[PDB]
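Below you will find one chain, with nothing else, as structure tokens; this is the form solved without 6-aminopyrimidin-2(1H)-one, and questions on how it binds or moves follow later.
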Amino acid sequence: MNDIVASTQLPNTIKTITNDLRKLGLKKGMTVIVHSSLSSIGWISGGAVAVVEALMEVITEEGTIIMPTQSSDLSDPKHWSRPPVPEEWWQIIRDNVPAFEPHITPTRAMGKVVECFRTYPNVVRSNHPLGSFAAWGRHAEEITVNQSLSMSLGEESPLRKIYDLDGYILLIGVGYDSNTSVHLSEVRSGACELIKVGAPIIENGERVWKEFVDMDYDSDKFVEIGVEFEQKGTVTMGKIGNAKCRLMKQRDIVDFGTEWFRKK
């Protein structure tokens, strides 16, 4: 934090961030899925609240803001490795981890901007216990309704709904490994194996551990895909404070990713 204020010239505010967003190409009425590192921007007056307000100010309620709200800590620990936990714990975990409830369950590894966004009034969250998304604005409901349990990031997911809307991806101080949309590419290309997974959900007031099938999503190759992707020169670079940012069309990178995976 001292290091954060030391590397900032002037405070970042809703105003300067709004300014930065516009200069990068974000504009009123866009559909945008946002991925962020708060700290990467520099010191901000109002922290995560400023970033969220700045985004809503640029996009407005006539546009749509989306952010991933994953909650991987609800998953079956059979498959954990960062870190793993003892096998003797696994059935205890399956019988005791609390059910997902959209209005309550914290995200994991999404960031403070997402934790703040998902709590705002009028923000709605899809119902997936592991791979949910939150959305605000014109298409918030359409984007978040009826996510499939199996194939969570596939053709019935919010990622597909953003695709159909010809939306944008905004990366703030993070790389392609945070670019959730490329999972749609994985799905389309068959680039991962299916695995037996589980997660806790509420079925009419009762907690149930639900078993389902999903792709073993792996962001391994996303960074390499982004490098090759940016050689076609359709990604806007720009800064929000100290942060290196990227604005791109979601269909561009999803279509590119699908072909990339197919070539292997």
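Position 1 is the first residue in the sequence shown; the rest follow in order.
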Next item on the list: Quick one: say whether 61 to 69 or 222 to 230 has the higher mean Cα B-factor in the deposited entry.
Entry: 222 to 230
Checklist line | 47 to 55 set against 198 to 206, stretch whose average Cα temperature factor tops the other in the entry | finding: 198 to 206
Next item on the list: Among 86, 158, 167, 137, single out the one with the highest C-alpha B factor in the record, please.
Entry: 86
Note to self: If I read the C-alpha B-factors straight from the PDB entry, which of 112, 82, 125, 183 is highest?
What the structure shows: 82
Notebook entry, point to check: Lowest, middle or highest third of the chain for the C-alpha temperature factor of residue 146?
Noted result: highest
Next item on the list: Determine, from the deposited record, the chain-internal third of the Cα B-factor for residue 192: lowest, middle or highest.
Entry: highest
Check: Hey, what third does residue 78 fall into on Cα B-factor, ranked over its chain?
Finding: highest
Item checked: CA B-factor placement of residue 32, once the chain's modelled residues are sorted into thirds -> lowest
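This protein has a second form, the form deposited with 6-aminopyrimidin-2(1H)-one bound, left out of what is shown; the following refers to that one.
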Notebook entry, point to check: Does residue 126 make contact with 6-aminopyrimidin-2(1H)-one in the entry with it bound, using a 4.5 Å heavy atom cut-off?
Noted result: no
Margin query: My question is simply whether residue 75 lines the interface with 6-aminopyrimidin-2(1H)-one in the entry with it bound - judged by any non-hydrogen atom within 4.5 Å.
Written below: yes
Note to self: Using a 4.5 angstroms cut-off on non-hydrogen atoms, would residue 121 count as touching 6-aminopyrimidin-2(1H)-one in the entry with it bound?
What the structure shows: no
Notebook entry, point to check: Should residue 86 be classed as touching 6-aminopyrimidin-2(1H)-one in the entry with it bound when contacts are defined as heavy atoms within 4.5 Å?
Noted result: no
Checklist line | Which of 135 to 143, 160 to 168, 76 to 84, 98 to 106 sits within 4.5 Å of 6-aminopyrimidin-2(1H)-one in the entry with it bound, heavy atom basis | finding: 76 to 84
